[PDB]
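Chemist: Residue numbers (the entry's author numbering), protein chains in the order written: chain A, 1 to 89, 215 to 395, 411 to 466; chain B, 1 to 89, 215 to 395, 411 to 466; chain C, 1 to 89, 215 to 395, 411 to 466; chain D, 1 to 89, 215 to 395, 411 to 466.
Backbone N, C-alpha and C fix where the C-beta goes; we use that ideal spot for every residue, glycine too.
My questions all concern the structure below.
4 protein chains.
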Amino acid sequence: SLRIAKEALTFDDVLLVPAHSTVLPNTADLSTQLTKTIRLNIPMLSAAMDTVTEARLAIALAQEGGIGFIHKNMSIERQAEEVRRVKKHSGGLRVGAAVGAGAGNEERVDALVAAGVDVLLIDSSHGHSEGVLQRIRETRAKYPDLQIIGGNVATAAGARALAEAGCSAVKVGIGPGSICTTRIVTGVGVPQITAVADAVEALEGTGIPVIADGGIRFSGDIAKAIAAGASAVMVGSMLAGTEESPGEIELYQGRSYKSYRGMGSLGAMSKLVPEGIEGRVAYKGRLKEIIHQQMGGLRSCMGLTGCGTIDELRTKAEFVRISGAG
Amino acid sequence: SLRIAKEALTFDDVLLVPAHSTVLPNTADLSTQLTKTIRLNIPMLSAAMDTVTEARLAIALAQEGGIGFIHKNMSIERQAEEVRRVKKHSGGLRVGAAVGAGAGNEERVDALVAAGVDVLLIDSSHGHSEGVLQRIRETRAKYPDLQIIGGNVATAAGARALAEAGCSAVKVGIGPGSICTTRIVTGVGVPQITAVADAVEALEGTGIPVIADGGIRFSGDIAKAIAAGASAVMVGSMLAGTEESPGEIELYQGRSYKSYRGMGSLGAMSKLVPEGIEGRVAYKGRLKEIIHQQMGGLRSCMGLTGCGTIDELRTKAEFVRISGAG
Amino acid sequence: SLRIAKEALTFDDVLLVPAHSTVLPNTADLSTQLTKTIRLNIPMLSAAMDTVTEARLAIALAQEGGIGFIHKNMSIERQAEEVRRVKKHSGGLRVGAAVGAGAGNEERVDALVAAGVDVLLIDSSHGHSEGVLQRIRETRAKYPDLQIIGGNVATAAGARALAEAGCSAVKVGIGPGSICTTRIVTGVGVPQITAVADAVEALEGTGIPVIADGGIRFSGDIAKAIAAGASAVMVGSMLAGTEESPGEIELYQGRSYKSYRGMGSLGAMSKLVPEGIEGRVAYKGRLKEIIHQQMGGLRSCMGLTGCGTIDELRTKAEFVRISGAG
Amino acid sequence: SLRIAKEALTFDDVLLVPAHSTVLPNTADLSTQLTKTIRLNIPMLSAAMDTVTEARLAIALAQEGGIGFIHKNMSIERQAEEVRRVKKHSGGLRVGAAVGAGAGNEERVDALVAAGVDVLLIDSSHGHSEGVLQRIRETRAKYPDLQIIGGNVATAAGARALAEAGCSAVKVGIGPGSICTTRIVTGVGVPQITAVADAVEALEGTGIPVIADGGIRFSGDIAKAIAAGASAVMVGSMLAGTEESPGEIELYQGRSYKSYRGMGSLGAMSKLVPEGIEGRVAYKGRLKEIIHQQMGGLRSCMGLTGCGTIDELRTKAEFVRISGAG
Ligand SMILES: C[C@H](Nc1ccc2ncc3c(c2c1)CCOC3)C(=O)Nc1ccc(Cl)nc1
Ligand SMILES: C[C@H](Nc1ccc2ncc3c(c2c1)CCOC3)C(=O)Nc1ccc(Cl)nc1
Ligand SMILES: C[C@H](Nc1ccc2ncc3c(c2c1)CCOC3)C(=O)Nc1ccc(Cl)nc1
Ligand SMILES: C[C@H](Nc1ccc2ncc3c(c2c1)CCOC3)C(=O)Nc1ccc(Cl)nc1
Ligand SMILES: O=c1[nH]cnc2c1ncn2[C@@H]1O[C@H](COP(=O)(O)O)[C@@H](O)[C@H]1O
Ligand SMILES: O=c1[nH]cnc2c1ncn2[C@@H]1O[C@H](COP(=O)(O)O)[C@@H](O)[C@H]1O
Ligand SMILES: O=c1[nH]cnc2c1ncn2[C@@H]1O[C@H](COP(=O)(O)O)[C@@H](O)[C@H]1O
Ligand SMILES: O=c1[nH]cnc2c1ncn2[C@@H]1O[C@H](COP(=O)(O)O)[C@@H](O)[C@H]1O
C-alpha cells in the first residue's frame, strides 16, 4: 500500500472566513514575538539570499518594524561588517545573519556574535539532518543567551527536533520558494499551509515561534501563513528588485530589472545538483511602499476576521477549503 | 491542527439536475419577494456601483421587473435627485439607494427617505462589523417601516447578525465579484454557492430573503444562486457597458467600450489598500435585450428542473458536484 | 444545506483497468442490441442533426454496421423520402428518423412508419417533460410493435419514466454535447459517465438498452460509455465533416471544412434562448476510415480489458478514478 | 452503479516527505537488485525502443551502472550482433534484449541466449494477456536459469500472473509513457504511482523486483517511483536524443534534434490502430552528463528523506497527497 501520511494544503487551497469584528484595519496591531525575547513591530523577515538581504535592505526593513537576515554568500569579515553597519545605525535596529550548518562555521558564528548579531540563522536546506541538530546544540551550549533560528523543516517531528536542539524560533519551508526546483529535482516537498500548521501544533505550549518561509506571493498569503499558526513570515521574491536589495539595476528593453536567484542555483553555488533557478525580477522601487501595501492587506484581513492582534489571527481565524474552480 | 471550518463550493463546482417537468419555459413565473412587502417581477438587482447604477439604469431595470441601487459615490443632493427621477416616472417604479455603514450618514439616509426610496441599502464591504450592525439597529429604530437591505456577509452567523439588527433582506458575497481582489489582498473569501446556502439555512423560517451578490457571469449562475436558496441576485459586470449605465462610451480600436471598476479600486476610492480593479467592458447595448437573454436562460432552467416559480427553484431543485474535468 | 444529490463523473475523470485477457483485438465481437428486436454490428448511432445525418450518411453508417437518424429540420415529405432511399437500398439496411415531442407531430410519425422506419426517435431536449412522456405513450398505443427510442434523460427517475412510457431504448445526455451551451445558459447538466451508469442501473432487468449520447471525442470515450453500461453510443462531432454528411465543403485558407452546429443554435432554430453553438469542423473524408479507426480503438480496449463482446465490456470492465493531474 | 475499483495517483499527485537524516547525498548508495541474481549500480534501465536503445546506448548506460534493452524492431541476426558487441566489451558489461510475446519468437530467443543475453525482456503491450503468460511459462521451462523480465501490467492480479508464470522481474506501466496515446485510443490506463504500489504489494515476500516503466520526466519522478516500491525505473524520453541513442541528429532551425516515437506509432509499426506518437526531441548530448544530473537528484532526495540505500527509499519514505494547486 502507498505510504501516504496525509493530504497537504498550499495557500491557494484555502480562504479565510470573515467573522464578527470590532476591528478597524487602521486599529490592528501588527506586533509579533519572533522569539521569547525579540518582539517585531511587523511580522516580516527578509530572506537570507545574495539577491535579497545585505546591510542596506536589513536597515530599511528594521525601520519598518521587521528584521533582515544577512546572507552567507560572502567572507566572514564582510558579513561581520554588514552586521556592524546595521547595529551602529540610529534608532537601535535589530539584525540577523545566516550561517551554514556544516563544519568550519564556528569562526563565522564567533565573528557575528562579536559584531553584535541579535539572532543567528542556521540556514540549512534540510533542518532535520543530524549534522544540523548537532551544530545548533553546540552553538546553544557555547552561547546560552544567543537567539537562534533553525530551519528549514516541514513536519511536526522536524519542528520538535529543532526546538529540542535549542532553537529560539523554528523556520518552516521545504519546497515552497518561488525560485525553488527541489520538488521537481528530488520529488520532496510539503505544501506550506499544512507544513506550518503541523510545526505549530508540535510546538504548542513551548513558546517557540514558527516562521513561514517561502511561497508568499501576495499579502493574502501572509494572512494565511499567520492564521495557519506562523508568528512571522520570511520573504524573498516580495523584496527582490527593491532599491535597497543588493546588485545593480538592469535595463532589458525600456523596463528596469534586478537579479533574483535561489541559493541552490548554478550561479549562487559557483557538489550538489541545482535546486534553484536564476531569474530577473521587475524593479519594485523603495521597500517602504512595498511594506505599506503588504501590511495594508494584512490590516484589512484583520478587520474582516475580527482579529485585532497577530496572536488573535494565529489562534482564532478559520479557513474554508476550496476547489481548483474556487 | 489547521482550523478548516468546511469545504466551500463556487458556481463552477456544481450543476443543476434535470427532473420531471410540467413546466414550459414560457409558462415559468419569475416573480420573487425581495422583502416581505416588496415583490419583484424578475429576480434582478443592479449593483450599487459608480460604473453601473444611476437613475437611467434604475429606470430601465425597474421597467423589466427588477430594481436598481443608486451608488453612494456622489453628493447627498445628487443621490436624492436620482431617486426622485425614478419615483416620479410613469408605471409606479421602485428604487433603492446605497449608503455607507460608517458615521456621518444619518443625513444621507434622511434625504433618501424624503426623496421616496423604497429600500435603503447599507452598503458595507464587511456586514459582520459591529459598527454596521449598530448603524442598521439605529436606522431601524428611527424608520420602523423602511425596507433595509444589509450586507455583505458570507456565513450563517453573519446572516443572523444582520437579521437580528433589523434587515428586511440580507446580501451575501465576500470576495466573489468579477472585479474583486479581496481574496488576493486579504486572503479572505467564501465560495458563493456555499456562502448563499449557509445564509439561507440560518434565516430559514424568518421570512428574510437572501440576495446573492457577485460572481454571476452567465444566466446559469443566476439559476444556481437561486437553487442555493437566494430569492434574488445582484449583478455588476452583467449590466456594465449597457447603454443605460453611467459614463461615456469609449472607442479603443473600432470596438466600443465602457468603464467597469470595483468600488474598492484606486479610481473609485479617490485610507485602505485597493480591493478592486479598474477595467474596460465591451458595450452591451440596450439593457432590455440583456434581461431578455438572461431571463430566457433562467426560464429554460425552470423547464429542465420542473420548478414553475422562483420559490420552487429555491427549495426543490437539486445539484450534482463536478470535478475540474466536468 | 446545499441540496447536493451526489458527485458526478465525466469521461476524463476515469480510466479503464487492464485485466486478464484471452481476447485479441481482431477477435472482438462488436455486435450490440439497440433494442430487444434490433441488433447492430457496431455500437454506433449517428446524431439526428441537420449538419450530421441525412440519407447518404445513414446509408454509409448502416453499411458499417451502425444506424443513422434522419433529422427533423426538414418537411414531412422530405424526411419520408430520405427514409425510403435508405430502406430501398441493397443489403437490407436499417434506418431511424427524428420527431419533435410537441403537438402536431402525429402526421410526421404516420409518414415515417409508412416509409418503413425501423426505429422512431422522439428527439427531446428534456425527455423527463410530461408532454414527452404522454406523446410516447400515445405513439406506443397507436403502433404497438414500432421500435421507439426516447430521450434525452440523465437520471435514474428519467430512465424509468421513458421505459414506463413505452420506449424500446432510452437515450442519455443532458449537457455533454461538444456543441452544447445548456450548462452555461441554464446551469443544468449531468456528467455523462454518472448519467449513463444511473440510467443503466435504473433499467436493470428490463432489457431496455441505454444509448450514451453526446461528448464522445475519442474512441476511448466510446469504450468508457459502454463500460458505464451503454449498449451503444450516439455521435455528432465524430461524424460531422465526413464526405457523407449533409452540406457543402468550404475552403477557408487552403484547408477544407464543413458546418457543425447544435440543433439549439441560432441558425438551426431559425421561442427559446440558444443552447448550442455554430461552428466549422475540419473535413474528415470518407466515413469508412473514421469507423475503422474508432472501432479499432474499441477493439484494443476489449483486448486490454479481456471483454470479448459488447455485453462483457458493459458488465465486467472496471474503472479507476483519476485526478486533474492524471 | 459505476464499477470504480479505486482512486489512482500519478507522479504529480504526490510529494515525498523530508525526514530525520544522517544521509549525505554523496554517501547515498544507489545499488539495486534488478533480479535475485542481477545487481545494478544505478536503478536505471533504458527503454526497448528503436529511437532509444541499441548496442552503443546499452554500452554507455551499463558503464554508468545501469542496463540497456535492445529493441525488437530489427532482424534476429542484427539483435544477436548488438548483444555480442555489449557482452564482449571491456569491464564485463550486462545487457538485455526485447522479444515479442506472440508466436514465432522461439528462434529469436534462442539466438539471444546463444549471444550471451543476461536478461530476456518479454515486451508486451498487455502482460496480463494469456498468450504472454503461456510464452513466458514456455521460455522458463526451456531456460530455467535465464533472467526474464515480463511486462507490462498495472494491477496486483497482473503482477501475480507474471510472477507465477516465471518472471525474475515484473515491469509496470499501462498508459504512462510520454509518447503513449493508449489512454485516449482505448480509454485504458492506470496512474503510475498506484500501478507500482499495487504491483509491489502483490509481490511482497517473493523477492521478485518491480520496474516502473514510463512517464518519468524529472529525477523527482525516479525518487517517487522508487518510494512507491519499484526497485528500478525504465526510461525512454529521458535518454532519447542522447549522442549514444540510435538514428541521426537533425537540424530544424539552428537547434539539434533526434527522433523519438512510440513502438505503437504509425512509423514504428510499418494490424492495430496506433497507440503512440512520432516526435522530435532536443539533442541532449552525452548520456554520462544526463545520468550524473538525474542520479544527483535521486541522491539529494535520499539526503532529504534519510534513506541511505535504494531498499530504504522503497520501504521507509512517506508521501503527502497534494491538490492541483500544489
Ligand atoms: C542544492 C540545494 N540548495 C538549496 C539551497 C538553499 C535552500 N533553501 C531552502 C530550501 C532549499 C534549499 C536548497 C531546499 C528545500 O526547501 C527549502 C541543497 O542544499 N540540497 C540538499 C538536498 C539534500 C540534502 Cl541532505 N542537503 C542539501
Ligand atoms: C478596500 C475595500 N473596498 C471594497 C469596496 C466595496 C466592496 N464591496 C463588496 C465587497 C468588498 C468590497 C470592498 C470586499 C469583500 O467582498 C464584498 C474595503 O472596504 N475593505 C475592507 C476590509 C476590511 C474592513 Cl473591516 N473594511 C473594509
Ligand atoms: C434551446 C434548446 N435546444 C436544444 C436542442 C437540441 C438538444 N438536444 C439535446 C440536448 C439539448 C438540446 C437543446 C439540451 C440538453 O442536453 C441535451 C432547448 O430545447 N431547451 C429547452 C430547455 C428547457 C425545456 Cl423544458 N425545453 C427545451
Ligand atoms: C498498438 C499498441 N502498441 C504498443 C506498443 C508498445 C507499447 N508499449 C508499452 C505499452 C503500450 C504499448 C502499445 C500500451 C499500454 O501501455 C504500455 C498495442 O500493442 N496495443 C494493444 C492493445 C490491446 C492488445 Cl490485447 N494488444 C495490443
Ligand atoms: O535555490 C533554492 N532552492 C530552494 N529553496 C530556496 C533556494 N534559495 C532560497 N530558497 C528558499 O526560498 C525562500 C524564498 O522564497 P520566496 O519568498 O517564495 O521567493 C528563502 O527564504 C529560502 O527558504
Ligand atoms: O472593489 C470591489 N471589491 C470587492 N467587491 C466589490 C468591489 N466593488 C464592488 N464589489 C462587489 O462586487 C459586486 C459586483 O460583482 P459582479 O457582478 O461579479 O461584477 C458588487 O455588487 C459588490 O458586492
Ligand atoms: O444545440 C444543442 N444543444 C445541446 N445539445 C445538443 C444540441 N444539438 C444537439 N445536441 C446533442 O448533442 C449531441 C451531439 O454531441 P457530440 O457528439 O458531442 O457533438 C446530439 O446527439 C444531441 O443529443
Ligand atoms: O507507442 C507506444 N504506446 C504506449 N506505450 C509505449 C509505446 N512505445 C513505448 N511505450 C512505453 O513507454 C515507455 C517509455 O516511456 P517514457 O519514458 O515516458 O517516454 C516504454 O518503455 C514503453 O513501456
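1. Quick check: is the beta carbon of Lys6(B) nearer than 8 angstroms to any beta carbon in chain A?
2. Decide if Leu2(C) is buried, meaning its Cβ has at least 16 other Cβ atoms within 10 Å, or exposed.
3. Alpha carbon to alpha carbon, how far is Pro316(B) from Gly466(A)? Give it in angstroms, no decimals.
4. Counting only C-beta atoms, is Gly464(B) closer than 8 angstroms to chain A at any point?
5. Measure the Cβ-Cβ separation of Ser390(B) and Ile417(B) and say whether it is below 8 angstroms.
6. Does any residue of chain A have a CB that is nearer than 8 angstroms to the CB of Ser254(B)?
7. What is the rounded straight-line gap between the Cα of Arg39(C) and the Cα of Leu9(D)?
8. Return yes when the Cβ of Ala226(D) is within less than 8 angstroms of the Cβ of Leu245(D), no when it is not.
9. Taking C-alpha atoms, which residue in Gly437(C), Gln79(C), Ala62(C) lies nearest to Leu412(D)?
10. Pull the bridge partners of residue 396(B) from the DSSP assignment, please.
11. Is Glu415(B) near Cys292(B), with beta carbons less than 8 angstroms apart?
12. So which residues of chain C does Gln433(B) contact, with C-beta pairs closer than 7 angstroms?
13. Mind reading off the beta-carbon distance from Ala350(C) to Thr51(C)? Whole number of angstroms is fine, and I expect it under 8 angstroms.
14. Measuring only the C-alpha atoms, how far is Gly314(C) from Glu329(B)?
15. Should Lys267(C) be labelled buried (16 or more other beta-carbon atoms within 10 Å of its own) or exposed?
16. Is the region 59 to 74 of chain A close to the region 319 to 327 of chain A, with three or more CB pairs under 8 angstroms?
17. Starting from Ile309(A), find everything on chain D with Cβ-Cβ shorter than 7 angstroms and list it in chain order.
18. Rounded to whole angstroms, what is the Cα-Cα separation between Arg219(C) and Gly256(C)?
19. Is the separation between the beta-carbon of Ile299(A) and that of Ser356(A) shorter than 8 angstroms?
20. Considering only the beta carbon of each residue, do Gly345(A) and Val23(A) sit closer than 8 angstroms?
21. Below 8 angstroms CB to CB, which residues in the same chain sit around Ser381(B) once its five sequence neighbours on both sides are set aside?
22. Taking the straight line between their C-alpha atoms, what separation do you get for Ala288(C) and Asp13(B)?
23. Kindly list, in the order they appear in chain B, the residues whose Cβ is closer than 7 angstroms to that of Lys349(A).
24. Is the beta carbon of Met388(D) closer than 8 angstroms to that of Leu45(D)?
25. Below 7 angstroms, is the gap between the Cβ of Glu415(C) and the nearest heavy atom of ligand 7?
26. By the criterion of Cβ-Cβ separation under 9 angstroms, what are the contact partners of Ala19(D) in chain A?
27. Chain B partners of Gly448(A), CB-CB under 9 angstroms?
28. Is there a Cβ of chain A sitting closer than 8 angstroms to that of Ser440(D), yes or no?
29. What whole-angstrom Cβ distance do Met49(D) and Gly339(D) have, given they're in contact under 8 angstroms?
30. Which bits of chain D does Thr455(A) rub up against, with CB to CB less than 7 angstroms?
31. Starting from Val360(D), trace the beta strand (DSSP E) both ways and give me its first and last residue.
32. Using the C-alpha atoms, what's the distance from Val17(C) back to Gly252(D)?
33. Measuring straight from C-alpha to C-alpha, what distance separates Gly66(A) and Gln434(A)?
34. Alpha carbon to alpha carbon, how far is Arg426(A) from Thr53(A)?
35. According to DSSP, is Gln434(D) part of a helix, a strand, or is it coil?
36. From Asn277(C) to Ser249(C), what does the alpha carbon distance come to, in whole angstroms?
Modeler: Judging by the given coordinates:
1. yes
2. buried
3. 6 angstroms
4. With 8 angstroms as the cut-off, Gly464(B) counts as an interface residue toward chain A.
5. yes
6. yes
7. 39 angstroms
8. no
9. Taking only the C-alpha atoms, the option nearest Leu412(D) is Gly437(C).
10. No coordinates are present for residue 396(B), because the numbering of chain B runs from 395 directly to 411.
11. no
12. Correct list: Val413.
13. Not a contact, Cβ separation roughly 22 angstroms.
14. 28 angstroms
15. exposed
16. no
17. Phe343, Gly345
18. 28 angstroms
19. no
20. no
21. Within the same chain, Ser381(B) has close Cβ partners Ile374, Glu375, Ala422, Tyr423.
22. 31 angstroms
23. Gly312
24. no
25. Under cutoff, so the answer is yes.
26. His253, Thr280, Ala282, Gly283
27. Those do not exist, as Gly448(A) stays about 12 angstroms from chain B at its closest Cβ, beyond 9 angstroms.
28. yes
29. That pair is no contact at about 11 angstroms.
30. The contacting residues do not exist; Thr455(A) stays about 25 angstroms from chain D at best.
31. 357 to 360
32. 13 angstroms
33. 13 angstroms
34. 14 angstroms
35. helix
36. 6 angstroms
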